[PDB]
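Peer 1: Structure provided below as structure tokens; questions to follow.
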Amino acid sequence: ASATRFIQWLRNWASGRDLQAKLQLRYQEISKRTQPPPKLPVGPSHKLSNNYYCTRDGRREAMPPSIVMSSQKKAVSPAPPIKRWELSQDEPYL
Amino acid sequence: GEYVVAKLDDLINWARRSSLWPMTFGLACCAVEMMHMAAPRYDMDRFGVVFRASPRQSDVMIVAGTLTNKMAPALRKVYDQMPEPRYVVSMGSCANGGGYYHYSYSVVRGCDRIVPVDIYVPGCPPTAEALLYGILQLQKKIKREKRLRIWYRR
Amino acid sequence: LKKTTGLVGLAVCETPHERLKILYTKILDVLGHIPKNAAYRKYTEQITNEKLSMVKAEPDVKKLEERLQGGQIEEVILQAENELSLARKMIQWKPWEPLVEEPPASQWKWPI
Amino acid sequence: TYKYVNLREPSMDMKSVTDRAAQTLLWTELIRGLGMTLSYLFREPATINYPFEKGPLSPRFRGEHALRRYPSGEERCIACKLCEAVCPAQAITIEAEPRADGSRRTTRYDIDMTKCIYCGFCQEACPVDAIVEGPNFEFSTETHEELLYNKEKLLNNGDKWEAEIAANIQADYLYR
Amino acid sequence: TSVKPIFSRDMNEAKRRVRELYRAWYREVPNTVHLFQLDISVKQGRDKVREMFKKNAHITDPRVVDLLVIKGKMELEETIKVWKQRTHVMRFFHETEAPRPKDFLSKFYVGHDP
Amino acid sequence: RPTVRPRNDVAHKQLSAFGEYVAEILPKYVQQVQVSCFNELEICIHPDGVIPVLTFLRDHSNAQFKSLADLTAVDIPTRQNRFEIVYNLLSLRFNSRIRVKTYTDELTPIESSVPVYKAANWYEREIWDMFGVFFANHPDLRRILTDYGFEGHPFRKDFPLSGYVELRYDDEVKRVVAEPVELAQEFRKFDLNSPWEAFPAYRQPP
Amino acid sequence: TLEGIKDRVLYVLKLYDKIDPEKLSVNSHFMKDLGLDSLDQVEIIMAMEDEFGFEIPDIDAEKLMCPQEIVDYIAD
Ligand SMILES: CCCCCCCCCCCCCCCCCC(=O)OC[C@H](COP(=O)(O)OCCN)OC(=O)CCCCCCCCCCCCCCCCC
Ligand code: SF4
Ligand code: SF4
Ligand code: SF4
């Protein structure tokens, strides 16, 4: 941000861009290095009632695998066939 | 006599520490922070430390990462081909003493089992700035050398 | 006629309808050498017959691709070649026969 | 959704063909590359003047370890060994006994700084903010042995750096 | 007792592969000593080859013998192709290992190990 | 429920149906089929079925598992066949994943799956290196990860963590040498398991 | 050449160290008599492939148990 106007013009012309609008060095636009203290929120289990752990216990809802066949009609695929991707409307071609 | 030997020592020390050409053994992640030390923010070249030197033109080996048993012979071979004076900088926990992999069956527990080490840079990885501090510490070690004074007193 | 399939190495097919009729017919012939009650024969004849009927019922390639849902018509041809190659291997493998051997008692028990 | 990076057809009219001929013979795109590096020559460099200038860090930075005190001077560590248990590198070794006044305190507290991965788990695990990773990163040594910290070294680090350590904890403890 | 074989269907078939491996190793030692510039004699290298083969002389399972041959051929391939370095070849000789005590009294004096 | 991973019954049903489908078509080889509560389909097969089963899943029109995501082993010493060979496959056509498992011991070869997936080449070398499972008809089976001349298969549960030998440079012989491992600080074994059962749903019958 | 072939066979055997020249005979067994090992026999054959400049497969080599039998094999 200290370059003379002539040097600013010279490097803008050489690069073909307006470099001064997007300098790769940081100045005053960066956030202060001292901030006010946070006050973070608490999660959904932070309740004084209607909050028994056995109703929100993910680990204990896990089950052993379902055995569908053990060595002790239409054809199917493992899932429906994948749908064709659509060409980008933002910019289909580079 | 004393004055000439001292001044000559200062001269050769200044030349050697002002022109430290490293061979970097970029073994693992510590090699990334070494690249950042060469990158513009720190620009190790501005200290006379060229970016990449050939092993036969090198004055300091930087061991930047985990030294495995499979790799250990090759690292020693490069060290032995270095022309003197030669120094070794151990970078990061892995090279310092095995680090996170200290108890592995395949890892050398510190590169100082293979080569003599001049400077140990701690961290996993050390920051590029920490490594630069270490390189400057090596420069100060070289500034303390008194090879000619000891030669004169033999 | 499209200019590229978009997949490196997958050439465009000039006559996809004829190529698919030949391949699906070849598959139904190989399947005839498999026992009638083998599930591979029943299932493969079912899907092959569905695809073959789609091919005959739709002359427009882009509309046929939508019906089959196998990607490019060149991809559908390649899959037919894969099925034909598989069908010939199954005749030697005979996977419809009973289980060769049960595992040891706790082979698939986890945790131990 | 997808896009093609490289699927375009060059225009084969005479003007376009002659444009590509000019680029081939007059090296126009190569000259355009020279302009970019020329414009960087006249940009201010990004280099900082270390060690007179330092890279910015934050209060969360994980550097050299230290053992902290209460304001009275009593050690915070009460030899619970949670740090030793969580240490992913097994870099911590602790022994404890009742002190002469009955306090639960350590007789050994070692960190092998060459095993340590500087992960900060120890200071997360500690229930009394006793062990911390401080802000110092400029402590390279000439020998391996100097990086094997015992309790005296770590207490000395805490006394050396407590002024900065406390302020950094003050800035970040509400995120913890 | 009915198992899948590896290469050999019996000990006689397996013992053929052992002899073929032994010949390959026997003829490779002279080039190994030269290529790796080893300070051991060719006789030492062959004496080492024989010692390695002899400690496995008690095997009577053809599948185990097959794996030993499989592993022995990998070791030979590493050597002939100079994938190994000098350190790897000389590791067979334990030059820096001091001789451990074998008799009871010697072991008793130095430590607790059996 | 904010903290609980949601179930997906539609995918569970689809994968179960395809699992029966595979079991009906290759009864010669399929020993067990199961779908996990997080919807992953596993086919357990006799080791003879490796090539037929993988070929079927790669080539069959209702499978098209064209990509071998991973191939690995697990060591379970309490089993007569201690090594579990795991193939993880991906089907781009049907946007689906399947896992095929077989077993072997220390002396029984497994057929190399390189003919089906060229990707299997290095995965099988890694399994041989780390576990000692021999793959038959591999184009080039040899160690891939361990040092040259390394003895043993480190990923076996009975191979010690720090191994048996360690390296250092020896000045007398002017080379790196290998010697029995001595540790200045032994690795400290921790006994962490709680003596109280955590998961009743997985309780084993007594 | 039957004498020529046979003389060389003995020449190699005496050069081989693990055989006593005085014990050596053109009818001695490498094992039953000379007291050699299996791998000792293999080394002997490899010396035979060197002196006579041709390859002796393991199937044939396992039968050559005496110097005379080596002469008989080389005759072909
Ligand atoms: C009226 C009668 C008139 C009669 C006379 C008419 C003659 C004039 C009209 C014709 C103009 C001739 C131009 C001669 C220049 C040479 C052109 C040339 O050779 O370029 C082609 C060369 C290869 O091009 P390429 O894209 O790789 O593939 C082509 C073949 N397959 O591409 C290259 O050479 C690339 C060069 C690679 C080197 C890159 C580094 C250089 C870049 C900076 C160059 C700066 C310019 C130099 C100026 C020097 C100043 C002293
Ligand atoms: S010390 Fe840390 S950053 Fe450096 S190589 Fe080892 S693990 Fe990677
Ligand atoms: S920072 Fe991590 S590795 Fe280092 S002592 Fe603390 S817990 Fe252990
Ligand atoms: S430093 Fe903290 S966690 Fe570690 S033993 Fe002391 S009180 Fe416990």
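Note on naming: chains are A, B, ... as they come in the structure tokens, residues start from 1 per chain, ligands start from 1 in the order shown.
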Collect all residues with atoms no farther than 12 Å from ligand 3, counting only C-alpha atoms and all ligand atoms, and output them as a VMD selection string.
Peer 2: (chain B and resid 93 to 94 99 to 102 122 to 125) or (chain D and resid 61 to 67 81 to 94 109 to 126 130 to 134 148 to 149 154)
Peer 1: Would you list the contacts of residue 73 of chain D as a ChimeraX atom specification, taking every protein, DNA or RNA residue within 12 Å and counting only C-alpha atoms, but skipping same-chain residues closer than 5 positions in sequence?
Peer 2: /D:67-68,155,158-159,162
Peer 1: Determine, for each residue of chain E having at least one atom at most 9 Å from an atom of chain G, the closest pair of atoms and their separation in Å to one decimal, counting only C-alpha atoms; order by chain and ascending number, as a Markdown table.
Peer 2:
```
| residue | atom | partner | partner_atom | distance |
| --- | --- | --- | --- | --- |
| E:16 | CA | G:58 | CA | 7.0 |
| E:19 | CA | G:42 | CA | 7.3 |
| E:20 | CA | G:58 | CA | 7.3 |
| E:22 | CA | G:39 | CA | 7.9 |
| E:23 | CA | G:42 | CA | 7.3 |
| E:26 | CA | G:43 | CA | 8.1 |
| E:27 | CA | G:46 | CA | 8.7 |
| E:50 | CA | G:39 | CA | 8.0 |
```
Peer 1: Identify every residue of chain A that has at least one atom within 10 Å of any atom of chain D, counting only C-alpha atoms, and report the result as a PDB file with N, CA and C atoms, in the first residue's frame.
Peer 2:
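What landed in selection-v2.pdb:
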```
ATOM      1  N   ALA A   1       0.810  -1.206   0.000  1.00  0.00           N
ATOM      2  CA  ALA A   1       0.000   0.000   0.000  1.00  0.00           C
ATOM      3  C   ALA A   1       0.853   1.270   0.000  1.00  0.00           C
ATOM      4  N   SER A   2       2.171   1.120  -0.061  1.00  0.00           N
ATOM      5  CA  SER A   2       3.077   2.261   0.005  1.00  0.00           C
ATOM      6  C   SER A   2       3.684   2.606  -1.354  1.00  0.00           C
ATOM      7  N   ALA A   3       3.336   1.830  -2.375  1.00  0.00           N
ATOM      8  CA  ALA A   3       3.907   2.039  -3.697  1.00  0.00           C
ATOM      9  C   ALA A   3       3.481   3.385  -4.265  1.00  0.00           C
ATOM     10  N   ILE A   7       4.628   3.292  -9.846  1.00  0.00           N
ATOM     11  CA  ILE A   7       4.907   1.870  -9.689  1.00  0.00           C
ATOM     12  C   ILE A   7       3.608   1.080  -9.632  1.00  0.00           C
ATOM     13  N   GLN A   8       2.579   1.641  -8.996  1.00  0.00           N
ATOM     14  CA  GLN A   8       1.272   0.994  -9.005  1.00  0.00           C
ATOM     15  C   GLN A   8       0.758   0.823 -10.425  1.00  0.00           C
ATOM     16  N   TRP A   9       0.879   1.866 -11.246  1.00  0.00           N
ATOM     17  CA  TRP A   9       0.459   1.753 -12.636  1.00  0.00           C
ATOM     18  C   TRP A   9       1.294   0.714 -13.372  1.00  0.00           C
ATOM     19  N   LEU A  10       2.600   0.688 -13.111  1.00  0.00           N
ATOM     20  CA  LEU A  10       3.490  -0.204 -13.843  1.00  0.00           C
ATOM     21  C   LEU A  10       3.147  -1.668 -13.589  1.00  0.00           C
ATOM     22  N   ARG A  11       2.948  -2.043 -12.322  1.00  0.00           N
ATOM     23  CA  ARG A  11       2.690  -3.446 -12.017  1.00  0.00           C
ATOM     24  C   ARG A  11       1.264  -3.851 -12.359  1.00  0.00           C
ATOM     25  N   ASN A  12       0.313  -2.918 -12.303  1.00  0.00           N
ATOM     26  CA  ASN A  12      -1.028  -3.219 -12.792  1.00  0.00           C
ATOM     27  C   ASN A  12      -1.009  -3.508 -14.287  1.00  0.00           C
ATOM     28  N   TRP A  13      -0.292  -2.689 -15.057  1.00  0.00           N
ATOM     29  CA  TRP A  13      -0.208  -2.914 -16.495  1.00  0.00           C
ATOM     30  C   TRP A  13       0.504  -4.223 -16.812  1.00  0.00           C
ATOM     31  N   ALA A  14       1.601  -4.515 -16.112  1.00  0.00           N
ATOM     32  CA  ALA A  14       2.357  -5.733 -16.389  1.00  0.00           C
ATOM     33  C   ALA A  14       1.537  -6.979 -16.076  1.00  0.00           C
ATOM     34  N   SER A  15       0.768  -6.950 -14.989  1.00  0.00           N
ATOM     35  CA  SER A  15      -0.057  -8.091 -14.619  1.00  0.00           C
ATOM     36  C   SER A  15      -1.389  -8.123 -15.352  1.00  0.00           C
ATOM     37  N   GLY A  16      -1.871  -6.984 -15.836  1.00  0.00           N
ATOM     38  CA  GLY A  16      -3.183  -6.917 -16.440  1.00  0.00           C
ATOM     39  C   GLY A  16      -4.334  -6.849 -15.465  1.00  0.00           C
ATOM     40  N   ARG A  17      -4.063  -6.743 -14.168  1.00  0.00           N
ATOM     41  CA  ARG A  17      -5.086  -6.727 -13.136  1.00  0.00           C
ATOM     42  C   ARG A  17      -4.964  -5.457 -12.308  1.00  0.00           C
ATOM     43  N   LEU A  19      -4.228  -4.714  -9.109  1.00  0.00           N
ATOM     44  CA  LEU A  19      -3.658  -5.416  -7.968  1.00  0.00           C
ATOM     45  C   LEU A  19      -3.948  -4.699  -6.658  1.00  0.00           C
ATOM     46  N   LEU A  23      -4.716  -6.633  -2.511  1.00  0.00           N
ATOM     47  CA  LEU A  23      -3.340  -6.825  -2.076  1.00  0.00           C
ATOM     48  C   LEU A  23      -3.208  -8.116  -1.281  1.00  0.00           C
ATOM     49  N   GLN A  24      -2.124  -8.843  -1.531  1.00  0.00           N
ATOM     50  CA  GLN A  24      -1.855 -10.084  -0.822  1.00  0.00           C
ATOM     51  C   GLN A  24      -1.187  -9.862   0.527  1.00  0.00           C
ATOM     52  N   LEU A  25      -0.894  -8.620   0.892  1.00  0.00           N
ATOM     53  CA  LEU A  25      -0.467  -8.280   2.239  1.00  0.00           C
ATOM     54  C   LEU A  25      -1.647  -7.697   3.005  1.00  0.00           C
ATOM     55  N   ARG A  26      -1.686  -7.967   4.301  1.00  0.00           N
ATOM     56  CA  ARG A  26      -2.797  -7.562   5.147  1.00  0.00           C
ATOM     57  C   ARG A  26      -2.453  -6.284   5.899  1.00  0.00           C
ATOM     58  N   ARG A  33      -6.537  -8.194  17.547  1.00  0.00           N
ATOM     59  CA  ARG A  33      -5.905  -9.322  18.218  1.00  0.00           C
ATOM     60  C   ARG A  33      -6.339  -9.464  19.668  1.00  0.00           C
ATOM     61  N   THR A  34      -7.088  -8.502  20.196  1.00  0.00           N
ATOM     62  CA  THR A  34      -7.802  -8.647  21.454  1.00  0.00           C
ATOM     63  C   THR A  34      -9.287  -8.509  21.164  1.00  0.00           C
ATOM     64  N   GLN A  35     -10.071  -9.467  21.628  1.00  0.00           N
ATOM     65  CA  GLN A  35     -11.499  -9.508  21.376  1.00  0.00           C
ATOM     66  C   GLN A  35     -12.261  -9.491  22.691  1.00  0.00           C
ATOM     67  N   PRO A  36     -13.517  -9.052  22.679  1.00  0.00           N
ATOM     68  CA  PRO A  36     -14.336  -9.190  23.872  1.00  0.00           C
ATOM     69  C   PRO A  36     -14.569 -10.654  24.182  1.00  0.00           C
ATOM     70  N   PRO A  37     -14.766 -10.997  25.450  1.00  0.00           N
ATOM     71  CA  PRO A  37     -14.917 -12.403  25.800  1.00  0.00           C
ATOM     72  C   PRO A  37     -16.146 -12.988  25.139  1.00  0.00           C
ATOM     73  N   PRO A  38     -16.124 -14.274  24.814  1.00  0.00           N
ATOM     74  CA  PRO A  38     -17.320 -14.919  24.277  1.00  0.00           C
ATOM     75  C   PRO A  38     -18.306 -15.251  25.390  1.00  0.00           C
ATOM     76  N   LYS A  39     -19.483 -15.700  24.973  1.00  0.00           N
ATOM     77  CA  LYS A  39     -20.479 -16.280  25.874  1.00  0.00           C
ATOM     78  C   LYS A  39     -21.138 -17.407  25.083  1.00  0.00           C
ATOM     79  N   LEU A  40     -20.595 -18.604  25.206  1.00  0.00           N
ATOM     80  CA  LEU A  40     -20.990 -19.657  24.289  1.00  0.00           C
ATOM     81  C   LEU A  40     -22.312 -20.294  24.713  1.00  0.00           C
ATOM     82  N   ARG A  84     -28.303 -39.442 -13.549  1.00  0.00           N
ATOM     83  CA  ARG A  84     -27.353 -38.695 -14.358  1.00  0.00           C
ATOM     84  C   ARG A  84     -27.100 -37.323 -13.750  1.00  0.00           C
ATOM     85  N   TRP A  85     -25.832 -36.939 -13.674  1.00  0.00           N
ATOM     86  CA  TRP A  85     -25.488 -35.590 -13.257  1.00  0.00           C
ATOM     87  C   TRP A  85     -25.898 -34.587 -14.327  1.00  0.00           C
ATOM     88  N   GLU A  86     -26.257 -33.391 -13.886  1.00  0.00           N
ATOM     89  CA  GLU A  86     -26.640 -32.314 -14.784  1.00  0.00           C
ATOM     90  C   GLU A  86     -25.477 -31.355 -14.982  1.00  0.00           C
ATOM     91  N   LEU A  87     -25.346 -30.846 -16.200  1.00  0.00           N
ATOM     92  CA  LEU A  87     -24.288 -29.898 -16.509  1.00  0.00           C
ATOM     93  C   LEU A  87     -24.499 -28.596 -15.745  1.00  0.00           C
ATOM     94  N   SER A  88     -23.404 -28.019 -15.262  1.00  0.00           N
ATOM     95  CA  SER A  88     -23.487 -26.791 -14.484  1.00  0.00           C
ATOM     96  C   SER A  88     -24.098 -25.665 -15.303  1.00  0.00           C
ATOM     97  N   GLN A  89     -25.017 -24.934 -14.685  1.00  0.00           N
ATOM     98  CA  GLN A  89     -25.546 -23.721 -15.287  1.00  0.00           C
ATOM     99  C   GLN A  89     -24.751 -22.486 -14.895  1.00  0.00           C
ATOM    100  N   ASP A  90     -23.953 -22.573 -13.832  1.00  0.00           N
ATOM    101  CA  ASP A  90     -23.088 -21.462 -13.454  1.00  0.00           C
ATOM    102  C   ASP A  90     -22.024 -21.217 -14.517  1.00  0.00           C
ATOM    103  N   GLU A  91     -21.383 -22.280 -14.988  1.00  0.00           N
ATOM    104  CA  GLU A  91     -20.320 -22.187 -15.975  1.00  0.00           C
ATOM    105  C   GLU A  91     -20.050 -23.572 -16.546  1.00  0.00           C
ATOM    106  N   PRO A  92     -20.814 -24.013 -17.546  1.00  0.00           N
ATOM    107  CA  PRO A  92     -20.659 -25.396 -18.021  1.00  0.00           C
ATOM    108  C   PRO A  92     -19.281 -25.710 -18.576  1.00  0.00           C
ATOM    109  N   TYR A  93     -18.584 -24.731 -19.143  1.00  0.00           N
ATOM    110  CA  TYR A  93     -17.303 -24.961 -19.797  1.00  0.00           C
ATOM    111  C   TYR A  93     -16.290 -23.931 -19.329  1.00  0.00           C
ATOM    112  N   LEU A  94     -15.085 -24.388 -19.029  1.00  0.00           N
ATOM    113  CA  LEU A  94     -13.983 -23.490 -18.735  1.00  0.00           C
ATOM    114  C   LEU A  94     -13.426 -22.914 -20.029  1.00  0.00           C
TER     115      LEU A  94
END
```
Peer 1: Please return, as a ChimeraX atom specification, all residues of chain C that DSSP assigns to helix (DSSP H, G or I) on the basis of the backbone.
Peer 2: /C:16-31,39-57,61-68,73-93
Peer 1: Within 8 Å of residue 72 of chain B, counting only C-alpha atoms, which residues qualify if same-chain residues fewer than 5 places away don't, as a ChimeraX atom specification?
Peer 2: /B:67,108,114 /F:176
